[PDB]
Every structure is written in C-alpha cells, then in structure tokens.
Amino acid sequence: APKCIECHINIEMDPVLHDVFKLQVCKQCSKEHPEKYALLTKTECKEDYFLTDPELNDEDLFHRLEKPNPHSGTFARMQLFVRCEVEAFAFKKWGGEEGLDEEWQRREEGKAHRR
C-alpha cells in the first residue's frame, strides 16, 4: 500500500492533509514537521508571508480548508492554508526566505518612521 512521504512507514494518511491538501502525509509526521504541514489562517498568511487577498482568494493557487469562524458562526468562515504551499508562493513573490526577511525589515522600518 502507499506509504507516507515523510516516514515511509504509515499507510493511514492525515484525512485533512490528504483529502484537502493532496499530501500523502500521516498525522504523526504532520505534527513532527510543522515547518511543512502546519495550517495557517488567512490572517496568519497575510501577517507572516505578506500575501494579499487577491492571492489567497485565488482557488486555482492554494488549496484551503474552511471551518466555522471560532468567534461566531455568523462571522466570515475561517480559511486554513498549508504552510508548504503558502511558503512556496511567498518565496517566489519575495525572492526566497531572504527577500521575505527583507520585506519584513522594510515594513518594521515603515511603522517606526510613521510613529
């Protein structure tokens, strides 16, 4: 049977990672490798990777899991993105980890000068 791409052992994949994000990765390995597999909210994607609404809203560009908004079911649904997708796009947009670091720098300077 098909084996998890991290451990090469487990045959039972994490239902979310597999069904939503198309990753043959078991639940244990996903918890051991959050640098790849962690789920990030839409707000975390904007804050951490400087991605915009038009990017994150593009269904052709990212897989996403939706859930009820934890603050209230009447508020806009929560949107969860897999770190490895988010990061891969962000590194392309910004010029790798380095460029992203540059952009983070450039916005902190922003607020200092803006009081």
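Residue numbers here begin at 1 and follow the sequence given.
Comparing 12-20 with 100-108, the stretch with the higher mean C-alpha B-factor in the PDB entry is 100-108. Taking the PDB entry as given, 86-94 carries the higher mean Cα B factor of the two stretches 37-45 and 86-94. Sort the modelled residues of the chain by CA B factor and residue 66 lands in the lowest third. In the PDB entry, a CA B factor belonging to the lowest third of its chain's modelled residues is recorded for residue 4.
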